[PDB]
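Trainee: I'd like to ask you about the structure that follows.
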Amino acid sequence: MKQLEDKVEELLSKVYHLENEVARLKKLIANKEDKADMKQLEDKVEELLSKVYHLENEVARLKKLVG
Amino acid sequence: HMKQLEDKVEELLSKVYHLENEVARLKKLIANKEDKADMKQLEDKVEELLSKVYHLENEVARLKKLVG
Amino acid sequence: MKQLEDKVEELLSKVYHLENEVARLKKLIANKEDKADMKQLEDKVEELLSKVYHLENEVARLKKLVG
């Protein structure tokens with residue numbers, strides 16, 4: 001009967017520790033970069049490349065005309 | 001008292017089940033995280049953009065002065 | 001006693017396996033990019049997007065004026 005009580009006690013402690021380890025693991029995971037975030041960043045750079053290209057072309061035409 | 005212990009194991013049964021589900025959820029989240037990589041390619045593109053934007057700023061300042 | 005002891009042993013096996021899974025996930029997590037290490041790239045891109053927005057507006061204004 002002390003045999004069972006001690007097994008249940010081992011289970012209690014190990015469950016409690018696992019709960020804390022999982023809580024820490026989710027905090028760590030939350031601080032990692034999402035694939036979606038990287039994709040957003042790449043698409044913003046693509047947007048910037050395109051806008052800068054158009055601006056260059058626009059500025060070149062303005063420059064000629066102002067002359 | 002055996003009932004008290006049964007209730008305790010019932011609690012732990014549920015907690016172990018929840019923990020199994022939390023671990024599977026965390027696996028899925030990890031799969032959607034970006035692997036460490038060399039940032040050279042993205043950084044080089046941003047460096048090109050900052051140079052082009054700097055040069056554009058200078059050009060647009062000149063025109064703004066002339067037109068005004 | 002026996003039936004409850006067996007249930008407890010079953011749960012100890014599951015907890016044991018879970019501890020190993022968690023150790024393993026910690027290792028996977030180490031191969032992932034830290035969000036904080038992307039902060040500089042992200043901010044630079046946000047700066048550039050604003051600068052390009054303002055440059056576009058100024059160019060369109062000048063163009064209209066000259067045209």
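Residue names in the structure tokens use chain letters A, B, ... in the order shown, residue numbers from 1 in each chain, and ligand numbers from 1 in the order shown.
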If you count only C-alpha atoms, which residues fall within 10 Å of stretch 5-16 of chain B, apart from same-chain ones fewer than 2 positions away, as JSON, numbers by chain?
Mentor: {"A": [4, 5, 8, 11, 12, 15, 16, 18, 19], "B": [1, 2, 3, 18, 19, 20, 21, 22], "C": [4, 5, 7, 8, 10, 11, 12, 14, 15, 18]}
Trainee: Once chain A is fitted onto chain C by least squares over all its in-order Cα atoms, send the moved chain as a PDB file with C-alpha atoms, in the first residue's frame.
Mentor:
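New file result.pdb:
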```
ATOM      1  CA  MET A   1       6.444  -6.704  -4.505  1.00  0.00           C
ATOM      2  CA  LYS A   2       5.350  -7.423  -8.094  1.00  0.00           C
ATOM      3  CA  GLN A   3       2.784  -4.705  -7.272  1.00  0.00           C
ATOM      4  CA  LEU A   4       5.518  -2.082  -6.744  1.00  0.00           C
ATOM      5  CA  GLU A   5       7.595  -3.283  -9.699  1.00  0.00           C
ATOM      6  CA  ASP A   6       4.605  -2.910 -12.045  1.00  0.00           C
ATOM      7  CA  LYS A   7       3.870   0.627 -10.768  1.00  0.00           C
ATOM      8  CA  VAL A   8       7.479   1.662 -11.353  1.00  0.00           C
ATOM      9  CA  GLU A   9       7.155   0.129 -14.841  1.00  0.00           C
ATOM     10  CA  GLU A  10       4.041   2.185 -15.620  1.00  0.00           C
ATOM     11  CA  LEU A  11       5.944   5.291 -14.452  1.00  0.00           C
ATOM     12  CA  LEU A  12       8.988   4.409 -16.627  1.00  0.00           C
ATOM     13  CA  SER A  13       6.851   4.066 -19.774  1.00  0.00           C
ATOM     14  CA  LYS A  14       4.740   7.145 -19.159  1.00  0.00           C
ATOM     15  CA  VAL A  15       7.837   9.292 -18.434  1.00  0.00           C
ATOM     16  CA  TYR A  16       9.514   8.026 -21.619  1.00  0.00           C
ATOM     17  CA  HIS A  17       6.416   8.875 -23.677  1.00  0.00           C
ATOM     18  CA  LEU A  18       6.118  12.365 -22.128  1.00  0.00           C
ATOM     19  CA  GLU A  19       9.753  12.982 -22.969  1.00  0.00           C
ATOM     20  CA  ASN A  20       9.053  12.197 -26.632  1.00  0.00           C
ATOM     21  CA  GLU A  21       5.846  14.282 -26.671  1.00  0.00           C
ATOM     22  CA  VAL A  22       7.752  17.272 -25.235  1.00  0.00           C
ATOM     23  CA  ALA A  23      10.527  16.871 -27.848  1.00  0.00           C
ATOM     24  CA  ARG A  24       7.894  16.975 -30.604  1.00  0.00           C
ATOM     25  CA  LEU A  25       6.131  19.959 -29.029  1.00  0.00           C
ATOM     26  CA  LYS A  26       9.346  22.024 -29.041  1.00  0.00           C
ATOM     27  CA  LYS A  27       9.960  21.268 -32.744  1.00  0.00           C
ATOM     28  CA  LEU A  28       6.404  22.446 -33.574  1.00  0.00           C
ATOM     29  CA  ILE A  29       6.783  25.560 -31.425  1.00  0.00           C
ATOM     30  CA  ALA A  30      10.087  26.364 -33.176  1.00  0.00           C
ATOM     31  CA  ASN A  31       8.244  26.527 -36.524  1.00  0.00           C
ATOM     32  CA  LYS A  32       5.796  29.191 -35.296  1.00  0.00           C
ATOM     33  CA  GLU A  33       6.144  32.927 -35.960  1.00  0.00           C
ATOM     34  CA  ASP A  34       7.533  35.014 -33.082  1.00  0.00           C
ATOM     35  CA  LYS A  35       5.844  38.261 -32.156  1.00  0.00           C
ATOM     36  CA  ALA A  36       9.351  39.778 -32.511  1.00  0.00           C
ATOM     37  CA  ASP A  37       9.600  38.539 -36.122  1.00  0.00           C
ATOM     38  CA  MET A  38       6.225  40.086 -36.965  1.00  0.00           C
ATOM     39  CA  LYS A  39       7.359  43.350 -35.343  1.00  0.00           C
ATOM     40  CA  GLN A  40      10.577  43.311 -37.429  1.00  0.00           C
ATOM     41  CA  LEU A  41       8.520  42.773 -40.576  1.00  0.00           C
ATOM     42  CA  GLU A  42       6.098  45.620 -39.771  1.00  0.00           C
ATOM     43  CA  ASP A  43       9.008  47.989 -39.043  1.00  0.00           C
ATOM     44  CA  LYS A  44      10.666  47.058 -42.371  1.00  0.00           C
ATOM     45  CA  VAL A  45       7.407  47.873 -44.165  1.00  0.00           C
ATOM     46  CA  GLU A  46       7.336  51.225 -42.266  1.00  0.00           C
ATOM     47  CA  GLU A  47      10.922  51.817 -43.394  1.00  0.00           C
ATOM     48  CA  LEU A  48       9.983  51.045 -47.003  1.00  0.00           C
ATOM     49  CA  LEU A  49       6.932  53.372 -46.902  1.00  0.00           C
ATOM     50  CA  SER A  50       9.129  56.217 -45.664  1.00  0.00           C
ATOM     51  CA  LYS A  51      11.952  55.655 -48.154  1.00  0.00           C
ATOM     52  CA  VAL A  52       9.586  55.298 -51.103  1.00  0.00           C
ATOM     53  CA  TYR A  53       7.835  58.569 -50.081  1.00  0.00           C
ATOM     54  CA  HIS A  54      11.178  60.415 -50.012  1.00  0.00           C
ATOM     55  CA  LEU A  55      12.280  58.844 -53.326  1.00  0.00           C
ATOM     56  CA  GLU A  56       9.051  59.913 -54.996  1.00  0.00           C
ATOM     57  CA  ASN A  57       9.660  63.492 -53.855  1.00  0.00           C
ATOM     58  CA  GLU A  58      13.297  63.372 -54.996  1.00  0.00           C
ATOM     59  CA  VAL A  59      12.353  61.924 -58.401  1.00  0.00           C
ATOM     60  CA  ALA A  60       9.654  64.596 -58.908  1.00  0.00           C
ATOM     61  CA  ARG A  61      12.229  67.365 -58.362  1.00  0.00           C
ATOM     62  CA  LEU A  62      14.837  65.748 -60.659  1.00  0.00           C
ATOM     63  CA  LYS A  63      12.196  65.323 -63.363  1.00  0.00           C
ATOM     64  CA  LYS A  64      11.272  69.013 -63.325  1.00  0.00           C
ATOM     65  CA  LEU A  65      14.917  70.142 -63.561  1.00  0.00           C
ATOM     66  CA  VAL A  66      15.908  67.687 -66.298  1.00  0.00           C
ATOM     67  CA  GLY A  67      12.675  68.870 -67.981  1.00  0.00           C
TER      68      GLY A  67
END
```
Trainee: Using the chain letters and numbers from this document, which residues of stretch 14-66 of chain B does DSSP assign to helix (DSSP H, G or I), as an MDAnalysis selection string?
Mentor: chainID B and resid 14:31 40:66
Trainee: Tell me as a PyMOL selection string which residues belonging to chain B come within 10 Å of chain C, counting only C-alpha atoms.
Mentor: chain B and resi 2+5-6+9-10+12-13+16-17+19-20+23-24+26-27+30-37+39+42-43+46-47+49-50+53-54+56-57+60-61+63-64+67-68
Trainee: Using N, CA, C and O atoms, can you write the selected residues to a file as a compact mmCIF listing (two decimals), in the first residue's frame?
Mentor:
```txt
# COMPACT_ATOMS: atom_id res chain seq x y z
N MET B 2 -8.95 4.35 -0.76
CA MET B 2 -8.70 3.85 -2.11
C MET B 2 -9.39 4.75 -3.13
O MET B 2 -8.84 5.03 -4.19
N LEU B 5 -7.29 7.87 -3.77
CA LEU B 5 -6.19 7.55 -4.69
C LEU B 5 -6.67 7.37 -6.15
O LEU B 5 -5.98 7.77 -7.09
N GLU B 6 -7.83 6.74 -6.31
CA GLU B 6 -8.46 6.59 -7.63
C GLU B 6 -8.73 7.96 -8.24
O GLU B 6 -8.47 8.18 -9.42
N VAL B 9 -5.38 9.40 -9.42
CA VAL B 9 -4.96 8.79 -10.68
C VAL B 9 -5.85 9.30 -11.82
O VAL B 9 -5.38 9.48 -12.93
N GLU B 10 -7.13 9.54 -11.54
CA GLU B 10 -8.02 10.12 -12.54
C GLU B 10 -7.52 11.50 -12.95
O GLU B 10 -7.52 11.83 -14.14
N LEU B 12 -4.43 12.57 -12.79
CA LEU B 12 -3.16 12.39 -13.49
C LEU B 12 -3.34 11.80 -14.89
O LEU B 12 -2.60 12.14 -15.81
N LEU B 13 -4.32 10.91 -15.02
CA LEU B 13 -4.71 10.37 -16.33
C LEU B 13 -5.06 11.51 -17.29
O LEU B 13 -4.60 11.53 -18.43
N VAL B 16 -1.92 13.74 -18.13
CA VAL B 16 -1.03 13.05 -19.06
C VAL B 16 -1.59 13.11 -20.47
O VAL B 16 -0.85 13.35 -21.44
N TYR B 17 -2.89 12.89 -20.59
CA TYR B 17 -3.58 13.08 -21.87
C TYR B 17 -3.42 14.50 -22.45
O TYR B 17 -3.07 14.66 -23.62
N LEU B 19 -1.10 16.64 -21.75
CA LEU B 19 0.31 16.83 -22.07
C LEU B 19 0.67 16.22 -23.41
O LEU B 19 1.45 16.80 -24.16
N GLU B 20 0.11 15.04 -23.71
CA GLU B 20 0.31 14.41 -25.01
C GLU B 20 -0.23 15.30 -26.12
O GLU B 20 0.41 15.46 -27.15
N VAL B 23 2.13 18.42 -26.52
CA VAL B 23 3.36 18.07 -27.23
C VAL B 23 3.15 17.95 -28.76
O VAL B 23 3.97 18.47 -29.52
N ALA B 24 2.06 17.32 -29.19
CA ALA B 24 1.72 17.27 -30.62
C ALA B 24 1.47 18.67 -31.24
O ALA B 24 1.93 18.96 -32.34
N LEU B 26 2.83 21.46 -30.15
CA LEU B 26 4.15 22.11 -30.21
C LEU B 26 4.99 21.62 -31.40
O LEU B 26 5.70 22.40 -32.04
N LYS B 27 4.91 20.32 -31.69
CA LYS B 27 5.52 19.76 -32.91
C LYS B 27 5.07 20.46 -34.19
O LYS B 27 5.88 20.77 -35.05
N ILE B 30 6.50 24.01 -34.38
CA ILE B 30 7.92 23.98 -34.74
C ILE B 30 8.12 23.78 -36.25
O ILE B 30 8.99 24.41 -36.86
N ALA B 31 7.30 22.92 -36.86
CA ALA B 31 7.40 22.65 -38.31
C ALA B 31 7.19 23.91 -39.15
O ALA B 31 7.75 24.03 -40.23
N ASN B 32 6.41 24.86 -38.63
CA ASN B 32 6.14 26.14 -39.29
C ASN B 32 7.11 27.26 -38.94
O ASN B 32 6.85 28.42 -39.26
N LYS B 33 8.21 26.93 -38.26
CA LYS B 33 9.24 27.91 -37.97
C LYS B 33 10.32 27.81 -39.02
O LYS B 33 10.55 26.75 -39.61
N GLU B 34 10.97 28.94 -39.25
CA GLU B 34 12.00 29.07 -40.27
C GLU B 34 13.31 28.53 -39.72
O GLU B 34 13.71 28.89 -38.61
N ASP B 35 13.96 27.66 -40.48
CA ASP B 35 15.28 27.13 -40.13
C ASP B 35 16.34 28.24 -40.16
O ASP B 35 16.26 29.15 -40.99
N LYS B 36 17.32 28.14 -39.27
CA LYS B 36 18.46 29.06 -39.30
C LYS B 36 19.08 29.02 -40.69
O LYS B 36 19.19 27.95 -41.29
N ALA B 37 19.46 30.18 -41.21
CA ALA B 37 20.11 30.26 -42.52
C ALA B 37 21.04 31.46 -42.64
O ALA B 37 21.05 32.36 -41.79
N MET B 39 22.01 34.85 -43.93
CA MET B 39 21.19 36.02 -44.30
C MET B 39 21.80 36.88 -45.41
O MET B 39 21.25 37.92 -45.76
N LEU B 42 19.43 38.12 -48.50
CA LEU B 42 18.47 39.16 -48.09
C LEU B 42 19.19 40.46 -47.72
O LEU B 42 18.78 41.54 -48.13
N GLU B 43 20.27 40.36 -46.95
CA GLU B 43 21.04 41.56 -46.55
C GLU B 43 21.65 42.29 -47.76
O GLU B 43 21.60 43.52 -47.82
N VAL B 46 18.89 44.27 -49.45
CA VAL B 46 18.57 45.46 -48.67
C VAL B 46 19.66 46.52 -48.83
O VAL B 46 19.36 47.70 -48.94
N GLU B 47 20.92 46.08 -48.87
CA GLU B 47 22.06 46.98 -49.09
C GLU B 47 21.99 47.67 -50.46
O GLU B 47 22.25 48.86 -50.59
N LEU B 49 19.18 48.17 -52.08
CA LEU B 49 18.04 49.08 -52.00
C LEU B 49 18.38 50.37 -51.26
O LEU B 49 17.97 51.44 -51.68
N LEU B 50 19.13 50.27 -50.16
CA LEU B 50 19.51 51.46 -49.41
C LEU B 50 20.42 52.38 -50.25
O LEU B 50 20.31 53.59 -50.16
N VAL B 53 18.08 53.99 -52.92
CA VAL B 53 17.24 54.99 -52.28
C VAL B 53 18.05 56.23 -51.91
O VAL B 53 17.57 57.35 -52.08
N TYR B 54 19.28 56.05 -51.44
CA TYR B 54 20.15 57.19 -51.15
C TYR B 54 20.37 58.03 -52.41
O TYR B 54 20.24 59.24 -52.38
N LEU B 56 18.56 58.13 -55.16
CA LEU B 56 17.27 58.75 -55.53
C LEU B 56 16.95 60.00 -54.72
O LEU B 56 16.48 60.98 -55.27
N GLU B 57 17.19 59.94 -53.41
CA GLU B 57 16.99 61.10 -52.53
C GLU B 57 17.79 62.30 -53.03
O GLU B 57 17.27 63.41 -53.11
N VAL B 60 16.19 63.60 -56.36
CA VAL B 60 14.92 64.29 -56.14
C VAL B 60 15.10 65.63 -55.39
O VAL B 60 14.27 66.53 -55.54
N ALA B 61 16.16 65.75 -54.60
CA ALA B 61 16.48 67.03 -53.96
C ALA B 61 16.89 68.06 -55.01
O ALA B 61 16.42 69.20 -54.96
N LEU B 63 16.07 68.17 -58.25
CA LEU B 63 14.91 68.55 -59.06
C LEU B 63 13.94 69.45 -58.31
O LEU B 63 13.41 70.41 -58.87
N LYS B 64 13.72 69.14 -57.04
CA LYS B 64 12.87 69.94 -56.18
C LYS B 64 13.38 71.39 -56.08
O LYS B 64 12.58 72.32 -56.08
N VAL B 67 12.96 73.03 -59.98
CA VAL B 67 11.55 73.30 -60.26
C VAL B 67 11.01 74.42 -59.36
O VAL B 67 10.26 75.27 -59.82
N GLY B 68 11.39 74.40 -58.09
CA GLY B 68 11.06 75.48 -57.16
C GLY B 68 12.06 76.62 -57.26
O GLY B 68 11.70 77.79 -57.15
```
